[PDB]
Amino acid sequence: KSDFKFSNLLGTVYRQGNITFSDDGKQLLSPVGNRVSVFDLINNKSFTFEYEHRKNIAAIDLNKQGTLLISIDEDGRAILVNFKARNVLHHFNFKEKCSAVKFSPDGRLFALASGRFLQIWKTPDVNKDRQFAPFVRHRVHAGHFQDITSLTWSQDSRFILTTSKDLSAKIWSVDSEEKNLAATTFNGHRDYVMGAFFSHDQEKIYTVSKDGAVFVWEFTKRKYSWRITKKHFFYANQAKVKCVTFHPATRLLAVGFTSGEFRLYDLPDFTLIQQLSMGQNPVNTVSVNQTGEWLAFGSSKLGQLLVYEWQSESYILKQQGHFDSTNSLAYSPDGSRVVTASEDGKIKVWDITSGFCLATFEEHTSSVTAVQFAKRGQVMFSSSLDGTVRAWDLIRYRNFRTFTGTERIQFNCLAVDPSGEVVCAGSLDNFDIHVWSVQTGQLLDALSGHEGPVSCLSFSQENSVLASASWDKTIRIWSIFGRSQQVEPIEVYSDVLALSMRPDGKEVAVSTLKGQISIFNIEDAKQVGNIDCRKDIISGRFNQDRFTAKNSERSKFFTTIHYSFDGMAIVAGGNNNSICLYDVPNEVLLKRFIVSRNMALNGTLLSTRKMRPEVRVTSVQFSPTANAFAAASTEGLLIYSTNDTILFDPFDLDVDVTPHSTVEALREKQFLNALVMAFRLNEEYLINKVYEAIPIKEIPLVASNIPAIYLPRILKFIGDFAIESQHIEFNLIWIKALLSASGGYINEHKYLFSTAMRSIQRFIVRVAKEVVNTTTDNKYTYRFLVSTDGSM
Amino acid sequence: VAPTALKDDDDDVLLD
Amino acid sequence: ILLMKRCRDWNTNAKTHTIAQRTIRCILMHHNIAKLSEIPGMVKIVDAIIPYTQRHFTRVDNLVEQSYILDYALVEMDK
Amino acid sequence: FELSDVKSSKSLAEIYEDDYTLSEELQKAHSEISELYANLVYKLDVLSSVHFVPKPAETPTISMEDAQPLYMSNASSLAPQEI
Amino acid sequence: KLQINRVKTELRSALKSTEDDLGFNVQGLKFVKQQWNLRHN
Amino acid sequence: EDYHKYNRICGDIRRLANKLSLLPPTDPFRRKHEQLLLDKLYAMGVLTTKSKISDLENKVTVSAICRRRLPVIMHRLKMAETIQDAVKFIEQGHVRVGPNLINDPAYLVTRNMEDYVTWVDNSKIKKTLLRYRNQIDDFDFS
Amino acid sequence: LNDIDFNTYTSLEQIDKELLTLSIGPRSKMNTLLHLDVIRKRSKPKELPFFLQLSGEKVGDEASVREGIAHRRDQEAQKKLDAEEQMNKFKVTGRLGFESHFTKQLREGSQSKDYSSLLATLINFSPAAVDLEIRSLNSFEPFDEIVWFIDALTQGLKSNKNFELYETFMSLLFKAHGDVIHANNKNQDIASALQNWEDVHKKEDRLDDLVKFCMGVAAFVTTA
Amino acid sequence: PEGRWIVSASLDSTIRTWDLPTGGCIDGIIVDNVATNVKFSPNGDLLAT
Ligand SMILES: [Mg+2]
């Protein structure tokens, strides 16, 4: 009964276009395919905008005020969004490919490089109410005979330098009266002009060409005219200049060549500050901070993004996304981290809070098909089509063991015993499930009985039974542990594609080729429920199709499913453009999510293969925190979260219950009543107000008297709040009071409080321990220095 | 001025 | 050097590390630390002791956490 | 081993000079072999792949991706038994 | 109740005594490494 | 009919394997890669039986790759009378290789996937088969 | 009541003075500060004569070998040349003050016995900036700067705010100036400053008692 | 759409917005012509009358 909304995209930090630093310099904006991602460098956080273009983004820009962001796709269609509120403001179609867009330093005007024409427009006022037609063109300039490479604003909002493919840099005046001031065309370069910039005084103009020549222009007597007083050359053996940027205040020139290396120069002296290489791929974009201390670089081929602090030669940000689609994903047991795997064969470990890759593993030769964690969480397992299964120790980030079959069987699915002592994998070519011992690495035995390829596996987290399904139209429950081995096959109407095990371990759900999600009781081995999914699934006609979408049957099933940790909902996805969230007990569709709206992607709407990228979801999972679910797709790891909680969802509300009455209860010191009333309203701000207003002396009295119905809610509130809050001791006092007061009740109902307790343990382990761990080491370090004999 | 405008030597000989 | 070699070997076994730690503690508390560094081979012996000491420290500390089940027993009995 | 029966291009000084300063050529073939294999695997992969298959991809260099966290130290990656 | 209260107290003190020695040594031995490194690097 | 692409694949297999012959026999680097190439071609179905590198020089042929084409595969399986009919069925979307519908006639079926090429469940062609046998069961919608 | 009117609420900076509070920022800052050294190392980017002096079995003089007759400084010397070459590369001549802002407040805080301004800027420096300042602290007798820095941190601990940041600062102090403190532990100024910090730092052990208790109950409750 | 507000129209030529958590009228309007219908957009950005 929660509303999930798209929050951020992991696995991709830069696709193409231009990256822009925020005016404050604390945030970086990177176009990620069809959307824009914003990275909080100082706070080490990220989010992705919910708005979506028809096609891939081409040019973006944020005004100095930090209120308006403009994004333009490859078709010229623009979207204006309110940066502060993250809401789309207006859509306008420029009807031409805009190479670049830049706001004036005043912010009143912004300029467009459209073909060989410079268009200047007026910036809509954010404060004013929504306008039907807010965009008004200030002027259109037509001087160049070829496409404009880039444009640069003067510091005073009075002149613009435009560099084109005509081997010419040309200046204009924003004010018509000032046309006589700047109406000059600069020539002399032997290749395309990539960048023209003002000096800080604006007396000097620097122009940079693709061939690698920097011309310094000054207004001097031969009566007076612009002349090339000094000429500098980049003596790159074959690399061509790809992107150029200049910071007038610090006189820093950052240039990225096609060879994949960038140089920092001090103008006009041309002193090579530093030269580094990110790789063999071209450096598509370069950006500078407002202060000029941070340089952001971007390479489109491998999706690399680098934020470089040249003052201290330190890396604020250093990331690279998956080159291939993410075939699988796995959450850490506490939800702190998510592991993703790609068709390349490389595994990447991500941090949910920061959204950044902690480590990359390249041991697997071929595509990694599945990734799973042990119940303890320190160890992670992965299977690959190269014919190996590998165990990864994530505390030390090492592959401490590798498992393989006798005859190099390709593995597609994987399952790990809750005890972390047995590993099982399945294949599309063998029909047997290979079992290994984690400690020894030897083949215990091969589970036989399937007459088709094994499509999916799963261990029960509690009962430790193994459930396998196949294209044999059957499901088998294996009781491998114990003196005797039993197998209980269950028949199904069609091939089984995906399988999910209920967290309590008492039921298993399977998605079939007929588009059916069927739920079975494991102990009784009888069906208990069924859900239709064919009609809910949204599949678009491919551009190459010769048959209609409604008649099409390419993918009207779900290839991946997963239970919610409460057990009452299933999220499903497949080779289609829809992610459907159902409710198991009542078998209805809670909500459907459109995966992508990019028109380029095929499914959104004799020797040569007709192939283009398609929209498809490879794997889906619920976050163990019970606030989000991640879906691996072609573009990247989509994460939908319920964090915002703008909805009004009162619980057992009454006429007497009002936010004013709750505050009055605090004023009268009726802390228990105020807290209960706040929960009944279910407003986070009111709950937070009451939570922080309860004195330490009164906490044990309040905690012991909380009604049992609200206990799962308050524990969930504390765990989520405490992870990012600063009141570490205040939260620990609350947790101690609740656990001591309601410890027995939680034990009696473990499944009810499974998610709430897990969030609590994450706070006590991931933040609380690190504080005391550093506090204690100082204590012992202190004692040694004072107690020990000093050096000679 | 450009049309686009806005609006001791320490000796190196040291005794060794 | 001979004594620290014994302390190194005893430390590896969890059943005998306790005697090793206190003897090492006595050495640090009754000798000039500057002199101990200069002894050749002392550093390589101290290389082996630290990782095992950290393992023993991670343990015992968990035993302290487990000991709070008694505290939870007492509060339940108080009810 | 094979003995060359033709006049050596390298003068007697050069042979002494070269030995003053397992095989570079052998490793040269190894790189080409990997390139040929990678290109061949891609071509077959495309022909037999249901879904799209992207084409596989001095000066100091920056390592975009690291096998371990930067804060993590090599010493902490070694077990006490390994030490 | 008194037995568990007692058994708790002496159990903690015995455990903390062992942990105090372990924590003291790891820091001291670490410091010895630092000084040899500084003087020899 | 142009076999330009398959000739390049066949040729590239020949050039690659020749370079392995040049590399010294005792090297583990060559022996591993030679086996991987043989395993890959065996998986693709080009090599019906496990072969040696010397055999791989001459067994690989354009006709071998053509045999793995889906419309050619369907013809041998008797799903289609003639190759052109097979191509039409593929374009119209009546054929599935495993759980995935393949509408590209150029698709080459791998060795393992050969057994699971079949008509889609709701194909009117499939209903014609079962109606002829009078084995059409409407519970299975086919 | 305006916060209620706009259905919003802001968490207090500190609910109570006696209650420990962390810094208002990311929790990875503490991890970054402690392991700043290794981060720098891990982030560093990846890198004949006419009369050939050859002798021995190579040139056929096997008799020399039978009779028993038979550069690292040059690399050190070249490494020397690189160091001075790095210096001629930069010739900044801008006028800079004798003392940095960090050290100026340190002197002033000792004079006024109020390091609040020094602590306020300490929370504000970047992790790289923090490490440089602590490492650059003077290490000569009478060790006034080291004593003042301990006095500043001791005041911060008493405030019960930014607890994690002040702890990691002292961890960096010992890392960079442990030998100086160890060699002169008997010195009264260091011992007095150190003792005052211990008196405060001893109090902040209740947090460990809370943290240990919660897991022992939480793990037990979730297990049995 | 968030379920927090109710916007109602009546024959007295007024449109009133009511805040359910507080149960009080937070905004009031006077329309020259009586509004026969009121509907929120699914997104909530637009109100159609
Ligand atoms: Mg029996």
# chains A, B, ... in the order shown; residues from 1 in each chain; ligands from 1

call {"tool": "select_by_dssp", "arguments": {"residues": "region 48-103 of chain F", "states": "alpha helix (DSSP H)", "output": "mmCIF file with N, CA and C atoms, in the first residue's frame"}}
result
data_model
loop_
_atom_site.group_PDB
_atom_site.id
_atom_site.type_symbol
_atom_site.label_atom_id
_atom_site.label_comp_id
_atom_site.auth_asym_id
_atom_site.auth_seq_id
_atom_site.Cartn_x
_atom_site.Cartn_y
_atom_site.Cartn_z
ATOM 1 N N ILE F 53 42.247 -28.744 -34.558
ATOM 2 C CA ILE F 53 42.490 -27.478 -35.244
ATOM 3 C C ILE F 53 42.733 -27.716 -36.730
ATOM 4 N N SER F 54 43.467 -28.779 -37.069
ATOM 5 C CA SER F 54 43.716 -29.078 -38.476
ATOM 6 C C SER F 54 42.414 -29.369 -39.212
ATOM 7 N N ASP F 55 41.508 -30.119 -38.579
ATOM 8 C CA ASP F 55 40.192 -30.338 -39.171
ATOM 9 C C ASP F 55 39.402 -29.037 -39.236
ATOM 10 N N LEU F 56 39.539 -28.188 -38.214
ATOM 11 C CA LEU F 56 38.799 -26.931 -38.192
ATOM 12 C C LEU F 56 39.171 -26.051 -39.379
ATOM 13 N N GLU F 57 40.366 -26.249 -39.939
ATOM 14 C CA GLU F 57 40.770 -25.470 -41.103
ATOM 15 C C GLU F 57 39.834 -25.710 -42.281
ATOM 16 N N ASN F 58 39.452 -26.968 -42.513
ATOM 17 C CA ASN F 58 38.713 -27.344 -43.712
ATOM 18 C C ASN F 58 37.244 -27.660 -43.464
ATOM 19 N N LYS F 59 36.866 -28.083 -42.255
ATOM 20 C CA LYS F 59 35.452 -28.339 -41.988
ATOM 21 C C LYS F 59 34.638 -27.053 -42.045
ATOM 22 N N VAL F 62 31.052 -22.006 -45.647
ATOM 23 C CA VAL F 62 29.888 -21.128 -45.667
ATOM 24 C C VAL F 62 28.610 -21.949 -45.571
ATOM 25 N N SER F 63 28.586 -23.118 -46.216
ATOM 26 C CA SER F 63 27.401 -23.968 -46.159
ATOM 27 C C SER F 63 27.106 -24.403 -44.730
ATOM 28 N N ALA F 64 28.150 -24.641 -43.935
ATOM 29 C CA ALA F 64 27.946 -25.009 -42.538
ATOM 30 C C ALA F 64 27.223 -23.903 -41.784
ATOM 31 N N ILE F 65 27.626 -22.652 -42.006
ATOM 32 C CA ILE F 65 26.959 -21.533 -41.349
ATOM 33 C C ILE F 65 25.547 -21.359 -41.895
ATOM 34 N N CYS F 66 25.363 -21.575 -43.200
ATOM 35 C CA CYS F 66 24.024 -21.482 -43.774
ATOM 36 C C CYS F 66 23.096 -22.531 -43.177
ATOM 37 N N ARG F 67 23.624 -23.722 -42.886
ATOM 38 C CA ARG F 67 22.792 -24.776 -42.313
ATOM 39 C C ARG F 67 22.228 -24.362 -40.960
ATOM 40 N N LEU F 70 18.028 -20.155 -39.127
ATOM 41 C CA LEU F 70 16.723 -20.591 -38.638
ATOM 42 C C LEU F 70 15.806 -21.097 -39.746
ATOM 43 N N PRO F 71 15.610 -20.393 -40.867
ATOM 44 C CA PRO F 71 14.743 -20.957 -41.916
ATOM 45 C C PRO F 71 15.251 -22.274 -42.473
ATOM 46 N N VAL F 72 16.569 -22.453 -42.561
ATOM 47 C CA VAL F 72 17.112 -23.735 -43.001
ATOM 48 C C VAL F 72 16.893 -24.795 -41.930
ATOM 49 N N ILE F 73 17.046 -24.419 -40.660
ATOM 50 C CA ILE F 73 16.783 -25.350 -39.568
ATOM 51 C C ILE F 73 15.335 -25.816 -39.605
ATOM 52 N N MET F 74 14.400 -24.887 -39.797
ATOM 53 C CA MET F 74 12.990 -25.255 -39.851
ATOM 54 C C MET F 74 12.710 -26.205 -41.006
ATOM 55 N N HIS F 75 13.385 -26.011 -42.141
ATOM 56 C CA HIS F 75 13.134 -26.860 -43.300
ATOM 57 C C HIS F 75 13.498 -28.311 -43.010
ATOM 58 N N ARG F 76 14.659 -28.545 -42.396
ATOM 59 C CA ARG F 76 15.037 -29.912 -42.052
ATOM 60 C C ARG F 76 14.081 -30.500 -41.024
ATOM 61 N N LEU F 77 13.668 -29.699 -40.040
ATOM 62 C CA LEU F 77 12.697 -30.156 -39.054
ATOM 63 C C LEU F 77 11.318 -30.388 -39.653
ATOM 64 N N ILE F 83 12.330 -23.175 -48.056
ATOM 65 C CA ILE F 83 13.027 -22.126 -47.317
ATOM 66 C C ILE F 83 12.249 -20.818 -47.372
ATOM 67 N N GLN F 84 11.718 -20.468 -48.545
ATOM 68 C CA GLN F 84 10.991 -19.208 -48.668
ATOM 69 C C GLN F 84 9.759 -19.195 -47.771
ATOM 70 N N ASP F 85 9.058 -20.325 -47.675
ATOM 71 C CA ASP F 85 7.944 -20.417 -46.737
ATOM 72 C C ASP F 85 8.425 -20.241 -45.303
ATOM 73 N N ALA F 86 9.581 -20.821 -44.971
ATOM 74 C CA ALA F 86 10.124 -20.670 -43.626
ATOM 75 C C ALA F 86 10.408 -19.209 -43.311
ATOM 76 N N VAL F 87 10.972 -18.475 -44.271
ATOM 77 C CA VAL F 87 11.267 -17.063 -44.048
ATOM 78 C C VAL F 87 9.982 -16.283 -43.804
ATOM 79 N N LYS F 88 8.928 -16.592 -44.560
ATOM 80 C CA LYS F 88 7.661 -15.893 -44.374
ATOM 81 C C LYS F 88 7.095 -16.133 -42.981
ATOM 82 N N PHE F 89 7.160 -17.375 -42.495
ATOM 83 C CA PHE F 89 6.675 -17.663 -41.149
ATOM 84 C C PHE F 89 7.486 -16.909 -40.105
ATOM 85 N N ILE F 90 8.802 -16.817 -40.302
ATOM 86 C CA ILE F 90 9.641 -16.089 -39.356
ATOM 87 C C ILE F 90 9.252 -14.618 -39.323
ATOM 88 N N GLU F 91 9.071 -14.007 -40.496
ATOM 89 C CA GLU F 91 8.707 -12.593 -40.546
ATOM 90 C C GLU F 91 7.353 -12.344 -39.896
ATOM 91 N N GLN F 92 6.391 -13.239 -40.118
ATOM 92 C CA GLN F 92 5.063 -13.073 -39.542
ATOM 93 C C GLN F 92 5.019 -13.404 -38.055
#

call {"tool": "residues_around", "arguments": {"residues": "residue 63 (chain C)", "least_positions_apart": "3", "cutoff": "12 Å", "atoms": "only C-alpha atoms", "output": "MDAnalysis selection string"}}
result
(chainID C and resid 56:60 66:69) or (chainID E and resid 11:12 14:16 18:19) or (chainID G and resid 212:213 215:216)

call {"tool": "write_last_selection", "arguments": {"atoms": "N, CA, C and O atoms", "output": "CSV table (one decimal), in the first residue's frame"}}
result
chain,number,residue,atom,x,y,z
C,56,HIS,N,42.0,-11.6,17.5
C,56,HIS,CA,41.6,-11.9,18.9
C,56,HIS,C,40.8,-10.7,19.4
C,56,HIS,O,40.0,-10.9,20.3
C,57,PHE,N,41.1,-9.5,18.9
C,57,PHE,CA,40.3,-8.3,19.4
C,57,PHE,C,38.9,-8.3,18.9
C,57,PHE,O,38.0,-7.9,19.6
C,58,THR,N,38.8,-8.7,17.6
C,58,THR,CA,37.4,-8.7,17.0
C,58,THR,C,36.6,-9.8,17.8
C,58,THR,O,35.4,-9.5,18.1
C,59,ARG,N,37.1,-10.9,18.0
C,59,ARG,CA,36.6,-11.8,19.0
C,59,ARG,C,36.8,-11.2,20.4
C,59,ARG,O,37.5,-10.2,20.5
C,60,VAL,N,36.1,-11.8,21.4
C,60,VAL,CA,36.1,-11.2,22.8
C,60,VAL,C,35.2,-10.0,22.8
C,60,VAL,O,34.3,-9.9,23.6
C,66,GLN,N,27.6,-10.4,23.3
C,66,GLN,CA,26.7,-11.5,23.6
C,66,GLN,C,26.4,-11.5,25.1
C,66,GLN,O,25.3,-12.0,25.5
C,67,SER,N,27.2,-11.0,25.9
C,67,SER,CA,27.0,-11.0,27.4
C,67,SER,C,25.8,-10.1,27.8
C,67,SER,O,25.3,-10.2,28.9
C,68,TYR,N,25.3,-9.3,26.9
C,68,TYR,CA,24.2,-8.4,27.2
C,68,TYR,C,22.9,-9.2,27.2
C,68,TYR,O,21.8,-8.6,27.6
C,69,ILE,N,22.9,-10.4,26.8
C,69,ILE,CA,21.7,-11.3,26.9
C,69,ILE,C,21.3,-11.4,28.4
C,69,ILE,O,20.1,-11.5,28.8
E,11,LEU,N,31.6,-11.4,34.8
E,11,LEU,CA,31.9,-11.9,33.4
E,11,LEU,C,32.3,-10.7,32.5
E,11,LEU,O,33.2,-10.9,31.7
E,12,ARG,N,31.7,-9.5,32.7
E,12,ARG,CA,32.1,-8.3,32.0
E,12,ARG,C,33.6,-8.0,32.3
E,12,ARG,O,34.4,-7.7,31.4
E,14,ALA,N,36.1,-9.7,33.6
E,14,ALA,CA,37.0,-10.6,33.0
E,14,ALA,C,37.2,-10.4,31.5
E,14,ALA,O,38.3,-10.5,31.0
E,15,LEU,N,36.1,-10.3,30.8
E,15,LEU,CA,36.1,-10.0,29.4
E,15,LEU,C,36.8,-8.7,29.1
E,15,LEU,O,37.7,-8.7,28.2
E,16,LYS,N,36.5,-7.7,29.8
E,16,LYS,CA,37.1,-6.3,29.5
E,16,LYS,C,38.6,-6.3,29.8
E,16,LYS,O,39.3,-5.7,29.0
E,18,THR,N,40.7,-8.8,29.4
E,18,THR,CA,41.3,-9.4,28.2
E,18,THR,C,41.3,-8.5,27.0
E,18,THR,O,42.3,-8.3,26.3
E,19,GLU,N,40.2,-7.8,26.8
E,19,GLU,CA,40.1,-6.9,25.7
E,19,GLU,C,41.0,-5.7,25.9
E,19,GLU,O,41.6,-5.2,24.9
G,212,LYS,N,26.6,-1.7,22.4
G,212,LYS,CA,26.8,-3.2,22.7
G,212,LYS,C,25.4,-3.8,23.1
G,212,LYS,O,25.1,-4.9,22.7
G,213,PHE,N,24.7,-3.1,24.0
G,213,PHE,CA,23.4,-3.7,24.5
G,213,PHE,C,22.4,-3.9,23.3
G,213,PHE,O,21.8,-4.9,23.3
G,215,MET,N,22.7,-4.5,20.1
G,215,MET,CA,22.9,-5.6,19.2
G,215,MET,C,22.7,-6.9,19.9
G,215,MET,O,22.0,-7.9,19.4
G,216,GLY,N,23.2,-7.1,21.2
G,216,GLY,CA,23.0,-8.3,21.9
G,216,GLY,C,21.5,-8.6,22.1
G,216,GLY,O,21.1,-9.8,22.1

call {"tool": "residues_around", "arguments": {"residues": "region 497-505 of chain A", "least_positions_apart": "4", "cutoff": "7 Å", "atoms": "only C-alpha atoms", "output": "PDB file with C-alpha atoms, in the first residue's frame"}}
result
ATOM      1  CA  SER A 455      15.547 -21.900 -15.527  1.00  0.00           C
ATOM      2  CA  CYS A 456      15.696 -20.760 -11.904  1.00  0.00           C
ATOM      3  CA  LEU A 457      16.607 -21.795  -8.360  1.00  0.00           C
ATOM      4  CA  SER A 458      16.027 -20.565  -4.820  1.00  0.00           C
ATOM      5  CA  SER A 460      14.171 -21.032   1.503  1.00  0.00           C
ATOM      6  CA  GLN A 461      15.801 -18.595   3.905  1.00  0.00           C
ATOM      7  CA  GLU A 462      14.280 -20.441   6.884  1.00  0.00           C
ATOM      8  CA  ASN A 463      13.378 -24.012   5.912  1.00  0.00           C
ATOM      9  CA  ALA A 509       5.639 -18.094  -6.817  1.00  0.00           C
ATOM     10  CA  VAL A 510       6.473 -18.843 -10.453  1.00  0.00           C
ATOM     11  CA  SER A 511       6.014 -16.800 -13.624  1.00  0.00           C
ATOM     12  CA  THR A 512       5.120 -18.923 -16.648  1.00  0.00           C
ATOM     13  CA  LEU A 513       5.250 -18.463 -20.409  1.00  0.00           C
ATOM     14  CA  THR A 559      11.003 -13.228 -16.904  1.00  0.00           C
ATOM     15  CA  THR A 560      11.742 -11.990 -13.363  1.00  0.00           C
ATOM     16  CA  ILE A 561       9.687 -11.741 -10.169  1.00  0.00           C
ATOM     17  CA  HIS A 562      10.345 -11.078  -6.488  1.00  0.00           C
ATOM     18  CA  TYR A 563       8.355 -10.972  -3.255  1.00  0.00           C
ATOM     19  CA  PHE A 565       9.728  -8.637   2.404  1.00  0.00           C
ATOM     20  CA  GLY A 567       5.271 -11.024   1.715  1.00  0.00           C
TER      21      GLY A 567
END

call {"tool": "interface_residues", "arguments": {"of": "chain G", "to": "chain D", "cutoff": "9 Å", "atoms": "only C-alpha atoms", "output": "list in words"}}
result
residues 31, 32, 34, 35, 36, 37, 38, 39, 40, 41, 42, 43, 44, 45, 46, 47, 48, 52, 54, 58 and 59 of chain G

call {"tool": "residues_near_ligand", "arguments": {"ligand": "ligand 1", "cutoff": "10 Å", "atoms": "only C-alpha atoms and all ligand atoms", "output": "list in words"}}
result
residues 483, 484 and 485 of chain A

call {"tool": "atom_distance", "arguments": {"atom1": "CA of residue 44 (chain A)", "atom2": "CA of residue 29 (chain A)"}}
result
13.6 Å

call {"tool": "closest_atom_pairs", "arguments": {"of": "chain C", "to": "chain G", "cutoff": "12 Å", "atoms": "only C-alpha atoms", "output": "JSON lines"}}
result
{"residue": "C:32", "atom": "CA", "partner": "G:183", "partner_atom": "CA", "distance": 10.3}
{"residue": "C:33", "atom": "CA", "partner": "G:182", "partner_atom": "CA", "distance": 9.7}
{"residue": "C:34", "atom": "CA", "partner": "G:183", "partner_atom": "CA", "distance": 9.3}
{"residue": "C:61", "atom": "CA", "partner": "G:212", "partner_atom": "CA", "distance": 9.2}
{"residue": "C:62", "atom": "CA", "partner": "G:212", "partner_atom": "CA", "distance": 8.8}
{"residue": "C:63", "atom": "CA", "partner": "G:216", "partner_atom": "CA", "distance": 9.6}
{"residue": "C:64", "atom": "CA", "partner": "G:212", "partner_atom": "CA", "distance": 7.5}
{"residue": "C:65", "atom": "CA", "partner": "G:212", "partner_atom": "CA", "distance": 5.1}
{"residue": "C:66", "atom": "CA", "partner": "G:216", "partner_atom": "CA", "distance": 5.2}
{"residue": "C:67", "atom": "CA", "partner": "G:216", "partner_atom": "CA", "distance": 7.3}
{"residue": "C:68", "atom": "CA", "partner": "G:216", "partner_atom": "CA", "distance": 5.5}
{"residue": "C:69", "atom": "CA", "partner": "G:216", "partner_atom": "CA", "distance": 6.0}
{"residue": "C:70", "atom": "CA", "partner": "G:216", "partner_atom": "CA", "distance": 9.4}
{"residue": "C:71", "atom": "CA", "partner": "G:213", "partner_atom": "CA", "distance": 7.9}
{"residue": "C:72", "atom": "CA", "partner": "G:217", "partner_atom": "CA", "distance": 6.6}
{"residue": "C:73", "atom": "CA", "partner": "G:217", "partner_atom": "CA", "distance": 9.7}
{"residue": "C:75", "atom": "CA", "partner": "G:217", "partner_atom": "CA", "distance": 11.4}
{"residue": "C:76", "atom": "CA", "partner": "G:217", "partner_atom": "CA", "distance": 11.7}

call {"tool": "residues_around", "arguments": {"residues": "residue 51 (chain C)", "least_positions_apart": "3", "cutoff": "12 Å", "atoms": "only C-alpha atoms", "output": "list in words"}}
result
residues 8, 11, 12, 45, 46, 47, 48, 54, 55, 56, 57 and 58 of chain C; 75, 76, 77, 78, 79, 80, 81, 82 and 83 of chain D; 22, 25, 26, 27, 29 and 30 of chain E

call {"tool": "interface_residues", "arguments": {"of": "chain G", "to": "chain A", "cutoff": "6 Å", "atoms": "only C-alpha atoms", "output": "short mmCIF file (atom, residue, chain, number, x, y, z; two decimals) with N, CA and C atoms, in the first residue's frame"}}
result
data_model
loop_
_atom_site.label_atom_id
_atom_site.label_comp_id
_atom_site.auth_asym_id
_atom_site.auth_seq_id
_atom_site.Cartn_x
_atom_site.Cartn_y
_atom_site.Cartn_z
N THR G 8 5.91 21.42 7.83
CA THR G 8 7.33 21.12 7.75
C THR G 8 7.92 21.17 9.15
N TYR G 9 9.09 20.56 9.30
CA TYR G 9 9.80 20.57 10.57
C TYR G 9 11.27 20.31 10.31
N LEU G 20 24.99 13.19 23.16
CA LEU G 20 25.99 13.22 22.11
C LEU G 20 25.32 13.38 20.75
N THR G 21 25.90 14.22 19.90
CA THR G 21 25.38 14.48 18.57
C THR G 21 26.52 14.41 17.57
N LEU G 22 26.24 13.84 16.40
CA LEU G 22 27.24 13.75 15.34
C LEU G 22 27.25 15.03 14.52
N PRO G 26 27.67 14.27 5.70
CA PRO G 26 27.82 12.85 5.36
C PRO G 26 28.64 12.11 6.40
N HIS G 182 54.98 11.02 22.46
CA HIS G 182 55.54 9.89 23.19
C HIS G 182 56.90 10.22 23.78
N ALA G 183 57.77 10.86 22.99
CA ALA G 183 59.11 11.17 23.47
C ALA G 183 59.07 12.11 24.67
N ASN G 185 56.33 12.72 26.81
CA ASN G 185 55.12 12.53 27.58
C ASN G 185 55.26 13.12 28.98
N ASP G 208 29.32 3.35 23.99
CA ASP G 208 29.69 1.96 23.77
C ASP G 208 28.74 1.02 24.51
N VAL G 221 16.87 -11.16 19.75
CA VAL G 221 15.43 -11.07 19.49
C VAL G 221 15.11 -11.52 18.07
#

call {"tool": "residues_around", "arguments": {"residues": "residue 40 (chain E)", "least_positions_apart": "2", "cutoff": "12 Å", "atoms": "only C-alpha atoms", "output": "list in words"}}
result
residues 37, 38 and 43 of chain C; 33, 34, 35, 36, 37 and 38 of chain E

call {"tool": "write_last_selection", "arguments": {"atoms": "C-alpha atoms", "output": "PDB file, in the first residue's frame"}}
result
ATOM      1  CA  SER C  37      62.693  -1.068  17.027  1.00  0.00           C
ATOM      2  CA  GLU C  38      66.450  -1.081  16.409  1.00  0.00           C
ATOM      3  CA  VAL C  43      59.912  -5.704  13.219  1.00  0.00           C
TER       4      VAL C  43
ATOM      5  CA  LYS E  33      56.065  -0.234  13.032  1.00  0.00           C
ATOM      6  CA  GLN E  34      55.558   3.483  12.413  1.00  0.00           C
ATOM      7  CA  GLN E  35      58.868   4.463  14.009  1.00  0.00           C
ATOM      8  CA  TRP E  36      60.909   1.812  12.206  1.00  0.00           C
ATOM      9  CA  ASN E  37      59.272   2.902   8.952  1.00  0.00           C
ATOM     10  CA  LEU E  38      60.017   6.574   9.631  1.00  0.00           C
TER      11      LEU E  38
END
